[PDB]
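Numbering (the entry's author numbering), first residue to last: 204 to 262, 275 to 476.
Right, one structure below, let's go through it.
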């Protein structure tokens with residue numbers, strides 16, 4: 204109970220608040236849908252062609280239509296993170312070119328961190344939690360569309376092991392955004408000062424919220440290695456698609472974000 208801590212708790216509360224206001228599908232809700240809670244309703248399950256076409260009401276070639284549906288959802292997600300980023304104190308006060316640069320490299324890592332929230336070993340919530348597509352049906356998509364998801368599932372299973380709640384993630388994704396080590400950053404220093412404050416806030420958050428989870432802070436930070444990797448793997452897969460499906464179109468907001476990665 205003291206002045207330095209109190210300021211970190213308040214930054215924590217502030218980020219939690221903004222995260223709830225920015226992301227309509229939280230982990231709390233996602234876990235209630237996935238486990239069977241009476242606070243949330245049951246998802247329709249797509250595990251094959253027929254269930255797919257079936258669910259295609261409430262919820275071109277199949278693999279493509281799924282890839283397209285996911286492109287659009289990633290775009291929404293960028294918009295959401297973008298709104299969330301603006302609330303991180305100091306972020307909007309940075310050089311505009313840097314804000315843009317932080318977002319460009321930050322969004323993917325965050326998208327996959329939060330996607331974890333919507334995943335269990337067996338599948339992933341879709342359509343705002345109304346649906347659930349099985350890992351097996353995704354992995355069964357024709358090449359190379361059947362390769363996109365597995366890495367993410369593998370990450371999520373291990374990331375979800377940490378048992379983080381929304382209030383921990385609010386801070387963690389803030390730390391991810393304010394990475395001073397991003398290529399082409401004009402003024403790295405004010406970024407690192409924000410991030411140090413965020414890391415301070417996470418450290419205290421993780422220790423109050425998970426007092427019996429040893430070096431969770433350290434363990435959480437290690438995960439960045441896995442994020443970087445699935446990002447690079449992702450873009451490679453994209454390069455392959457560009458060369459083979461010259462009739463399919465990548466959303467331009469995603470084309471910018473994907474270039475130079």
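Using N, Cα and C, we set each Cβ at its ideal position, and we do this for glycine too.
In its own chain, which residues sit with a C-beta less than 8 Å from the C-beta of residue 231, not counting the 5 before and 5 after it?
Counting from one through the chain shown, the residue named residue 231 turns up at place 28. So the qualifying residues of the chain are 380, 381.
How is the alpha helix (DSSP H) around residue 393 delimited, first residue to last?
Within the chain shown, the letter at position 178 stands for residue 393. Premise fails: residue 393 is in no alpha helix (DSSP H) and is neither H nor E.
Under 6 Å Cβ to Cβ from residue 290, same chain only, skipping five residues before and after it: list those, please.
To locate residue 290, count along the chain shown from 1; it is residue 75. For residue 290, where only same-chain residues beyond five positions count, the Cβ hits under 6 Å are 466, 468.
Going by Cα to Cα distance, which pick from 457, 206, 281 is closest to residue 364?
Position 149 of the chain shown holds residue 364. Nearest C-alpha to residue 364: 281.
Within its chain, find whatever has a CB closer than 6 Å to the CB of residue 409; leave out the 5 residues flanking it on each side and keep chain order.
Numbered from 1 along the chain shown, position 194 holds the residue referred to as residue 409. Excluding sequence neighbours, residue 409 sits near 305, 393.
Please state whether DSSP places residue 316 in a helix, a strand or coil.
To locate residue 316, count along the chain shown from 1; it is residue 101. Residue 316 falls in the helix class under three-state DSSP.
When the Cβ atoms of the region 323–334 are set against those of the region 363–378, are three or more pairs found closer than 8 Å?
yes
Less than 7 Å between the C-beta atoms of residue 456 and residue 319, yes or no?
The sequence position of residue 456 within the chain shown is 241, counting from 1. The sequence position of residue 319 within the chain shown is 104, counting from 1. Contact flag unset, no.
Identity of the residue in 348, 221, 383 nearest residue 426 by Cα
As a working note, residue 426 is residue 211 in the chain shown. Checking every option, the nearest Cα to that of residue 426 belongs to 383.
Report buried or exposed for residue 252, applying the criterion of at least 16 other Cβ atoms within 10 angstroms of its Cβ.
If you number the chain shown from 1, residue 252 lands on position 49. When all chains shown are included, residue 252 counts as exposed.
Where residue 322 falls, given that 16 or more other Cβ within 10 Å makes a residue buried
Sequence index remark: in the chain shown, residue 322 carries index 107 (1-based). It counts as buried.
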